[PDB]
Structure formats: structure tokens, C-alpha cells
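Chemist: so I pulled this structure from the PDB, and the sequence comes with it:
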Amino acid sequence: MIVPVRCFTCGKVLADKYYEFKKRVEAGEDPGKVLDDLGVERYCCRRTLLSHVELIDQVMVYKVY
Amino acid sequence: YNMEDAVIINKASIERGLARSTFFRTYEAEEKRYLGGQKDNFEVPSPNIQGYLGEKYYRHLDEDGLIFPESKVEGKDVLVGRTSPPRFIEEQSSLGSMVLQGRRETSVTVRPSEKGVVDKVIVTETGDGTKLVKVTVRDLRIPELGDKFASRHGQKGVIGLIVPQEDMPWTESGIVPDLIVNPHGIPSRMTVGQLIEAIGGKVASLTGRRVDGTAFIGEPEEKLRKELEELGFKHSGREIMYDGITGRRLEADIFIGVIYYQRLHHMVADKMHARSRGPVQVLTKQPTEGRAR
Amino acid sequence: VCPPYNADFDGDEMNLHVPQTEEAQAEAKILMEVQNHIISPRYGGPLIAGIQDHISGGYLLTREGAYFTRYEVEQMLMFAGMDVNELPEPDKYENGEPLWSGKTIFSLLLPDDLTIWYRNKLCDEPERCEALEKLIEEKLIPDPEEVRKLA
Amino acid sequence: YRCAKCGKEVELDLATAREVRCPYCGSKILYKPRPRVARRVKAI
Amino acid sequence: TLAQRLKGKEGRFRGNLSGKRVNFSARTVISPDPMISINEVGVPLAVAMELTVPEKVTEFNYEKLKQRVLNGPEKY
Amino acid sequence: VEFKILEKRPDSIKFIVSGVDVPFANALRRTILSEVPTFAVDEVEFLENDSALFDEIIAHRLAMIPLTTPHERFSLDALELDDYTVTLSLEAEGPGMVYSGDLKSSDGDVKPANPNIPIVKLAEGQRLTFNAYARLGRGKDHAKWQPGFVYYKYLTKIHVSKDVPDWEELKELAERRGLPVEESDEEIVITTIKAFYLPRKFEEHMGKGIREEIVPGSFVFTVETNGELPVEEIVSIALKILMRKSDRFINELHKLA
Amino acid sequence: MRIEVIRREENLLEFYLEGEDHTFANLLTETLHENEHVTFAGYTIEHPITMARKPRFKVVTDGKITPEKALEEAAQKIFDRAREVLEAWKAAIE
Amino acid sequence: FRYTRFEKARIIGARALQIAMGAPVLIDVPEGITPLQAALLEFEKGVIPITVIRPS
Ligand SMILES: [Mg+2]
Ligand SMILES: [Zn+2]
Ligand SMILES: [Zn+2]
């Protein structure tokens, strides 16, 4: 279930700044400074980057119309 | 509108993605074998045959009797056209049944209040020798009024109304709330864990790390209200809020947090029904039981 | 109307059923409408009455210190149904701005010749009620200005 | 008549009167594939 | 048998004779509003078109019910 | 009436407006959300969908893609919006992740503003083809037609006399968060261009020593867009609607009498 | 935007205004208040699911001026005030 | 001689059924009214023909 392309409260795009976000959190860098380094200001933008599942990998492979 | 356990969800927040949930069913029409040797074949029903459901309900079937997928099946539309075999040509002889000798139309059709679009048609053979087709139809189901939400603390309720984003009491930041909970239910039901979790969402969204909250050894009470007090907000959640109809600071400091809710399946399209005059009992001429009958 | 039905709004189920014949319909309208059932036969007291917000809102209107401005009076009299003309008068405390009191917005809903006096739940000092009561019992109609601002 | 595609990929267009098997896989289960016509879903 | 047909907590004095299943009803969920009067009720527009009253046109509603039958059973 | 532009950035702006009043500020705020029009995809015709997602979910994301809206070619202050239709096509085949940049536009002036949006992931041999139709609309009918946001606050001054113990803590605190501080020998004045959480030691002094006075008629505005309209062309268009909107009224009023 | 009159009396006018909402109505309300001859100006939207586009307005004067004239002169002001602010904005981003 | 609440709801019920089966109406016209509401307006002016019997 790929990342939502808007937030749910603050209308602002987010799906361009998720796959750049996650490849810099599996190096050990703290997420409190990674999300601040990008353009995320409030905490209504930020509760929907910091908690997500991206489960599209499992469902895709089964292959059925 | 949010009195006595209701809640007022945002409009533009529904209309961007909150709780858009899907619903599935499935149907299991088959091909039986009687002990006489006559096996019922399924096809496109002709106009003649006895027990016709109707006409112009068969606009979605193909030649062999299977709905090709992704078609907006609605109402009482058919799913598989089944012809049954004569079934006692010589039992009654009720003054006209000797000459007709035809077949009695039986089939399967969606339950007569739902809607949606088909998803996948299966076709196989089961154990003995026969053949059975399975059809499944989905649904879209936007969250309108009636749809019961609940917390995990036990504050169940129903959507009160669906107010636009513009008329929302909003705060001295870019925050516009979604679920405006009634304040008359927290110091009456003794649910203080609601209020600790609501601050714990605001601390653990600004800091970055998801606060541990297990029983008896979890994150303590005092360490949250100090990390909130040093990140730029008041020690108790309370903030200055402006109304959206007129626009002036409400002379109080309105509490606000992040609470994890969850949608439940007591949705309104599975409850509402009306009955004017329907089919009745044979023995008593009284109505039947259940929506499936 | 949700202490007669004993309901709440966490997904309950209510069923209506229309009556049809013209004799069975005029019995429903005259004998069974809501306003005939405002008091109850078990104890006499009213049953269809105010609930959660209607009480604790009504305390915030009649507190000592509830001074509404001119725009807030005129907006709420249009919202609560009533139709009165340009008489919110007379702008009782012009000290800051020309603004009203909380009692006189509540004293437009009552009929013109009520006379009631009773004691309610908020009484934490019975002596300062006494004094008020004593004057009332001996001098049946005092003046509403002078002595009554010892309230 | 059809053009049915079974589980574990393969095509097997036959009929429906006698038997329903896959010759290549050896299994017997079939999905009916979607056509190539044009439908119209609104975006709300 | 007969004694179980006559009786048994759902027999044919309380189950079917003095208590019967009815016609012209509906059943759904509830949701508040403090903007209608004390003796009104909301009705959904799907349920309003599947319940009907009989009306018996006399002389002074004849202009009304000419329009109610000219309009079909689709428009409200 | 005067303006003070604090900062100009790509897709954001903050400013202070003086000489107005409380009723006018909401009218300017509400008009930007519900009146300004933008382009958005309204219906999509599917030819095939072998992806892992449902038809509706892919159709839903297409509507949420922000499209550039050229203001020099139609009319944005009309009460009746133009119905001109733009066709957005796509024909891709996996494997690979599908991005917003692959969408073709029949009109070069209406394209997605942000090209790094993921739509759907495609496995081996799965094909996805559709045609999207875009039309003009307003935010009041559907959230997809939103041009951005507006937020506003009062302008206040916090007076801290030097008789208050540990007044230096507020001086360092206010300077860390970027609030201007004007110091004098009697007291200090903090201009609250953003929220100022009072630290716990000073709660008991709010009113006795520390007091806040509102400056009549001055408001701090915050506007942020997504790239569909040029960030300081929003407020100009919204103002021209108010003018037009309250001119129709005069025609209708005279006709009544 | 069709004005549907309801009550008309001496120095009083009540009517419906289809197609408008809180946005214009609130701005029009307090702008009317500034006029000393308008004794009583107000509005209500009744039950905002079944109708939320036709506010009910009520305007009462002291008899020295007609209710229509009050409306007339109060929708002049808003056009003039926006025309000012607009010029300021334009002549400031330079 | 004031009616009770049980007799007032029967006199309306019988008069609303005659007013549907013929029984020409008094001055009650305007523009469309359900036959039950015609009986309420005729009862308001006190021109009901039907009288009660008081068993004693
Ligand atoms: Mg219940
Ligand atoms: Zn947000
Ligand atoms: Zn195979």
C-alpha cells in the first residue's frame, strides 16, 4: 500500500519525499533531523511519513487478474 | 451534533484518503448431476423458458454463461445463466403441463440491495466429476454518516456530520483537526489513558521516535510533559484556537493531540432496509424472516 | 427527545411504520404527538427536557461576569429562532464598550408574568440566600434596582 | 469458446463440454481473463 | 405434534395470532441534529420512496395528485 | 492599509497586513480556499489494469496530482468557470516503478508540477493504459481543486519588566526562535510573529508582571501552495473575486425594488 | 444569487439569498453595523446539510432610511475597500 | 360540556372519513390539504355536526 500522495489534513505532496527519506534512515541517522532537513514543518505532515507500511511488495508478486 | 457519543469528521480529510475501505463477497454456482442421468447445462436463457426472471438483466453475460470481468453489476443483475432439466414431465398433468414439457429457469443473482463491480471469475472441477464457477464482486464504500468508529479505549460513536475544512476550529499553526470529540465524556467514564495517549502522539511525532507504551514498565508520565515543554509547546497540550465561521480567539485554550482510531464494520449499508409488501409464508400468509429471504 | 426512548448514538436502531387508513391516522396525530408527553405518569416531573450541553451551557450564560458584546447578542437571537425587533436595550455597562449582561438575554424567553423563587444545587453559603429570602417574604414586591443588587 | 489462462501462467483455449485440465501444468483450475474493451470510472 | 403446534413460546396465540409481522416499515441507524423542532424526524430519501400513504382524491387536492401521477415513480 | 513582506520562498510566503479588521480577514482567508480555481483530473477511462492495485485506487491518485494552471489564458475571477477539457494519456509496461513524469499532455501548459510522484509499481509483463480528462473546478465542490493554504494570527507584544526574576531566560529563548526583541531600561517587548510557548516558571506571573497587549488591526499571514499557481498570484486573484462577487449583488438588488 | 423576500413591513426586511454562504454574509453583516441608521442586522443558516446556501437576513432601520438603501450603501463600501487593499498589494511586491 | 381527549380524537376520525367519501366540505379550500387536516380546521371553528352520546 504505497504512500499517500497528499497528506490527509494539510494539503501538501509527500510521496516524492518518502523514498529519499527511507534510504537515509537505514544508515543510522536520526529521523528527527532527517525530516527537519527536508521540507516538513508541522506535525500533521509528519505523522504520515513516520508511520507507514509500504506493503506493496508482498501483494504484487502473487500475480492474478 | 457531537452530543452523547457522536463525532464530527472533516470533509476534505475524507476526500483525500481517510478510511476508504473495500468490501468483497463471493458466489459459488455449480453444475449438479441428478441420479437419472440428466445434467443441467448452463447457457444464455431464451425468452420462452418457464420461470424467467426477466429480460434485459442478461446484458452482461457472454455466450457460455460467464460474466466477463469489470462490469458494473447492480441491483438484481444475474451472474451465471443456468438452465435446469425438465423435472417431472409426468407428475401432475394439470390440464396444460402435458404439452409444454420445457425447462424451469433457476440461476444465481446478487443480493437485491447491493452494488459494485466484478473482480475475477474462476472455473474448475470439484472432486467427483462436475464443474463449479466462483464469481466475486467488490465495492468502494466512502465513509458517510452512520459509520461507527471507535478508539481502543472504548469511546465508540457515530459520525455526526461532515463539516467542510473551511469551517473548522483551527489553531495558531498549520493545524486543522479532524475528529472533534465531545468533552462531556472523558471525566464521566474515567478514561485517563485517552489523555496520556493524546500527548504521547504529539511528543512522538515531533521528536521522531515512536514512544514505547507497554503496561507497567512503559514510558512514564512526567518525561512526556517535559519533552513537550522543551520542543516548543505548552506543557499540557492546550493551544490558542480560532473559529472558522466568524474568526476570533475562543477565550479558552483548546486541547489537541493525536489519537489512533480504527474503523469498524457496522456500516450503514448493511443495516438500512424498508419493506412495503413482500413475499409471505405459504401456511399463514405472513412475512418471512431475514434479509436473505 | 432522548430520555423517553432511552437511547444514545453509538449505532442503535429505530424503526418507523406509517399508518394508512384515515381513521387510524387522526388517532395518531391527536393522541400521540410529542408535546402531549412532556411530563411522565410515574412521578409527575418532566421527562422530555435538557441534556448534557443544554445544562452546562446555561450556566455559562448566567454567571456573574458573562458580559456579551453587541455583535454576539444580535447574532444569537437570530440563531435561536426568536423574532424580536430592535429592542435588546439599554446597553447596561458602557464602561468598556456598549455591552449587555447575561441575564437580560435569558429574560426574553419567558412569558411576561412569571413569579417564582427557589433554591438550587449551587448553594454553598446558606446565609446569603436567607437575607434575600427575608426581604422577599415581608415586602412582596420590592424594587428591581436597589435592593436586588445584593444578589 | 474462450482463451482462458490458468494458474502458473499458461494459456489454454478449449471449450466447456467434456473435461477441464491444463495439459502443460497438469493442474485443473482456471481464471477467466479480462477483455480489452474500454470502461469509464470516475475519480472521486 | 399438535401440542407443540399449539404452544411452545412461539406457538399460535402469541407467536402468530396476537403478535404478527407487519408491512409498511423500515429500520436503520440514528444520528443527532439540534436544528429541527422537538416533534419532527428525519427520513432518508431512499426510505421515503419505498413507503406510501393512500390518499383518496376528493375535490381540493385534485390539482396536487394530478401532478403526483404525471411525474412518475422516479422524481421525489 | 500597508504590507510588510517577511520572506519569499518557492511555493511559500509570509507577510504582515495592517489597517484591516476582523471581518475582512476571514473573507480573504476563506475566499482563497473555496473560490480560486485550479485544474484537476475528473474522470479516467481504463483499457487494462494488470497491476497489484484496484481500479479505483489508481484512479484516485491521478486526481490528487497537482497540475500547473496557466492564469494568462482563461479567466479566474468569473462566477461561471470555463469548461475547456485537457486530455492526459499514458501507455507503460513493466517492470519498473511508474512516475508522474511519464504522463503525456495534449496541452504543454498543463502538466504535473512535481515530476517525482510514484503512481504504481509494475511487475514483469503487467500492462497499464489509461486516458485522463481534466477540467476546471473549485475547492468547495471537491478537495482536489484546492490551490493551497492560508493561516492567520493576531500580532501581539509581550512586556516583561526587569523586576521579574530570570527575565534573561526569555531573552535567549525569544532570540533562538527568531522573534524580534526590542530592549530598554524599563522592560522588553517581544513581537510574536509566531507561537510563543510560555515556560512553566512564568505562568504565575502572567498578568501581574508579564502582560500581553494585542495590536489592533495587524495580522500575520501564511500562504503555501503546491506549484499550480505562482505563490503571490493567489492573493491578487482572490481579491478580484470579492470585487466581482459583491458587484452582482447591486444588479439583483435594484431589480427587486 | 436570487433574492427571495419573506417578510416586508415598516422599516423591516427579511429575505433569502440563494447561492451565498458564511463568507460573504459575515463580511456583509459587520459592514452594515458601521451604519448608524441600521438598528439590527443579522443572519442565520438553517441546518447545514439540507440547506447551506441560502442565509436568512434581517435588517431593521429607524425609519429615516429605507432598508434597501442600507443594503445598497453597504455593498458599495466592500467593493471600495477591496479596491484599496488590491492597489497596496500590487505596489508592494517590487 | 367540554369534550375529553378520547372523544375529540374520534370525532375528527369519523369526519375525516366522510370528507373523503363525498360529503361536501364547508369553507375549507385552499390549494391542497390532506383530508385529515380538513377535519382539524372544521373543528377549529366549532362547526362539527357530530355530537356525542353520554351514557348515564
Ligand atoms: Mg445502544
Ligand atoms: Zn498533516
Ligand atoms: Zn498451466
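Modeler: That came through, no problem. Numbering: from 1, shown residues only, chains lettered A, B, ... in the order given. Ligands and ions are numbered 1, 2, ... in the order given.
Chemist: contact partners for the residue lying closest to residue D:3 once chain neighbours are set aside?
Modeler: Excluding the flanking residues, the one nearest residue D:3 by CB to CB, 6 or more residues apart in numbering or on different chains is residue D:13, at 4.3 Å. Bear in mind the C-beta positions are built from the backbone N, C-alpha and C, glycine included. Applying CB atoms under 8 Å, 6 or more residues apart in numbering or on different chains, we find residue D:13 in contact with D:1, D:2, D:3, D:4.
Chemist: now the residue nearest the centre of chain D, nearest residue through space, not along the chain?
Modeler: Central residue of chain D (CA atoms, centre = their mean): residue D:4, 2.5 Å from the mean position. Of all residues not flanking residue D:4 in the chain, residue D:30 sits nearest, at 4.7 Å (CB to CB, 6+ apart).
Chemist: repeat that for residue D:7.
Modeler: Per CB to CB, 6+ apart, closest to residue D:7 is residue D:29, 5.4 Å.
Chemist: what residues are up against the one you found?
Modeler: With contact set as CB under 8 Å, 6+ apart, residue D:29 has these partners: B:122, B:124, D:6, D:7.
Chemist: now it: phi and psi?
Modeler: Recorded main-chain torsions at residue D:29 are phi -160, psi 140, according to degrees, to the nearest 10.
Chemist: so it bridges to which residues?
Modeler: Beta-bridge pairing of residue D:29 under DSSP bridges involves residue B:124.
Chemist: now residue C:14: how far from chain E?
Modeler: 5 Å (CB to the nearest CB, to the nearest Å).
Chemist: what of residue H:22?
Modeler: Separation of residue H:22 from chain E (CB to the nearest CB): 8 Å.
Chemist: and if you look at residue B:230?
Modeler: Counting by CB to the nearest CB, the gap from residue B:230 to chain E is 42 Å.
Chemist: again with residue B:177
Modeler: Taking CB to the nearest CB as the measure, residue B:177 and chain E are separated by 20 Å.
Chemist: which element is that residue on?
Modeler: Assessed by DSSP states H and E, residue B:177 sits outside every helix and strand.
Chemist: then the one 4 residues further on?
Modeler: Here residue B:181 is covered by no helix or strand, with elements defined by DSSP H and E.
Chemist: what's the answer for residue E:32, then?
Modeler: Using DSSP H and E, residue E:32 falls outside every helix and strand.
Chemist: identify the residues contacting residue F:249.
Modeler: Taking CB under 8 Å, 6+ apart, one finds G:1, G:75 in contact with residue F:249.
Chemist: tell me the SS of it?
Modeler: With DSSP: H, G, I helix; E, B strand; the rest coil as the basis, residue F:249 sits in helix.
Chemist: identify the bridge partners of residue F:97.
Modeler: Beta-bridge partners of residue F:97, as defined by DSSP bridges: residue F:121.
Chemist: for the residue nearest to the centre of chain D, what are its contacts?
Modeler: If you count contacts by CB under 8 Å, 6+ apart, residue D:4 has them with B:123, D:11, D:12, D:13, D:14, D:30, D:31, D:32, D:33.
Chemist: any idea which of the contacts of residue D:13 is closest to chain C?
Modeler: Chain C lies nearest to residue D:4 out of the contacts of residue D:13, by CB to the nearest CB, at 44.5 Å.
Chemist: residue of chain F nearest chain H, please.
Modeler: Nearest to chain H in chain F, going by CB to the nearest CB, is residue F:256, at a distance of 25.3 Å.
Chemist: for that residue, phi and psi?
Modeler: When read as degrees, to the nearest 10, the backbone of residue F:256 gives phi -60, psi -60.
Chemist: distance of it from residue G:38?
Modeler: Look at residue F:256 and residue G:38: by CB to CB, to the nearest Å, they are 18 Å apart.
Chemist: of the contacts of residue D:13, which belong to strands?
Modeler: If you go by DSSP state E, those have nothing in strands.
Chemist: kindly report the residues of chain A close to ligand 2.
Modeler: Contact residues, chain A versus ligand 2 (CB under 5 Å from the ion): A:7, A:9, A:10, A:44, A:45.
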